[PDB]
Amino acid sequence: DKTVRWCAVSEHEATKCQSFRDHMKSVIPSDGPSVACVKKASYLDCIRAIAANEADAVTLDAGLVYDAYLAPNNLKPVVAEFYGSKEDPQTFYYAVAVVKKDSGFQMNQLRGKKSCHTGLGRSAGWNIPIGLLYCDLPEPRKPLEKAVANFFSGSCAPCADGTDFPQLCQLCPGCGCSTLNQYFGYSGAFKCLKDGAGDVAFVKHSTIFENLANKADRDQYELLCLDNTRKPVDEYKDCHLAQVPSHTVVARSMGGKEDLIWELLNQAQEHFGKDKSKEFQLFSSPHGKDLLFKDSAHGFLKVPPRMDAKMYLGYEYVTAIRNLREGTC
């Protein structure tokens, strides 16, 4: 079988997936890999669809690769994004806290603010900033959601349960887990800050550059540094919360079609990759940012075949995510 069933998360992704499928048909020979689109309501539905042999591939933030590995889904990373450039491929990025200039507060003054997160469980939007915060609370509210809900004065945490924790959806009611939620993802969390809904956006170092083309506009923003100071958004290298690994395509650990997923993706970056074509762009869309893959990605690299999720993420990140979810301090 030469079809890779790609899992698209809701409507904008499904639109781009269809364009992906149709543009690959225009350049890959008829005996080559083809794209079929499967649409689901959230990454987690895609994880389950893949484990159940209803879909083959989906791209996940590395924090979500954790959930993807857990039994009984047992998926594995097979193809990783890289950032930066072909010339120096980065398989990491920086988690940063973006704030508006002249809002005055520092990192130790986040209590009571309104917070914009990319989504529950994601590296920059959640695992890093909450992972740094949780234990350092004097309060054992500590199985996360309730503790974060009380610490901030209202949030948008896409994919959180708004019935159980309404505070975490105050800025984005329903906490929708797809780009139909306008405050989902890196650029949704940035808009949440830009719009004045929240006081801080937990996103990545490219995010503000993806959204504000003009240096004068960007000058109205700053980064919160862990030593309770602020720096210009250009100085993320010296002012970030953490470095985290690349988003990656996951697949079944057995019968995953990983070899065919690589073939589809490699041939796709060849024809429609970074600045390759004006007919189609793997890495951007008129339909939204970060659909199917990150806009900030410049291409794909194959994951070594021995490497399971825990090896991909590494010991410190797997341990932190495990500890963060158990509230162990």
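When you see a residue number, it is the position in the sequence shown, counting from 1.
Participant: Looking at the deposited entry, does 45 to 53 or 63 to 71 carry the larger mean Cα B-factor?
Facilitator: The stretch with the larger average C-alpha B-factor is 63 to 71.
Participant: Please compare 223 to 231 with 241 to 249 and name the stretch with the higher mean C-alpha B-factor in the deposited structure.
Facilitator: Result of the comparison: 223 to 231.
Participant: In terms of CA temperature factor as recorded, identify the highest of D164, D199, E210, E81.
Facilitator: Among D164, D199, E210, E81, the highest C-alpha B-factor in the entry belongs to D164.
Participant: Between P129, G174, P140, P77, let me know which has the highest C-alpha B-factor in the entry?
Facilitator: The listed residue with the largest C-alpha B-factor is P140.
Participant: By the record's CA B-factor, is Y134 among the lowest, middle or highest third of residues in the chain?
Facilitator: According to the entry, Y134 has a C-alpha B-factor in the chain's highest third.
Participant: Grab the CA temperature factor for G273 from the record and place it in the lowest, middle or highest third of its chain.
Facilitator: Highest third.
Participant: In terms of the chain's CA B-factor thirds, is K191 lowest, middle or highest?
Facilitator: Its C-alpha B-factor, which the entry lists for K191, ranks in the lowest third among residues of this chain.
Participant: How does the C-alpha B factor of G299 compare with the rest of the chain: lowest, middle or highest third?
Facilitator: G299: CA B-factor falls in the lowest third of its chain.
Participant: Which third, lowest, middle or highest, does the CA B-factor of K25 fall in along this chain?
Facilitator: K25: CA B-factor falls in the middle third of its chain.
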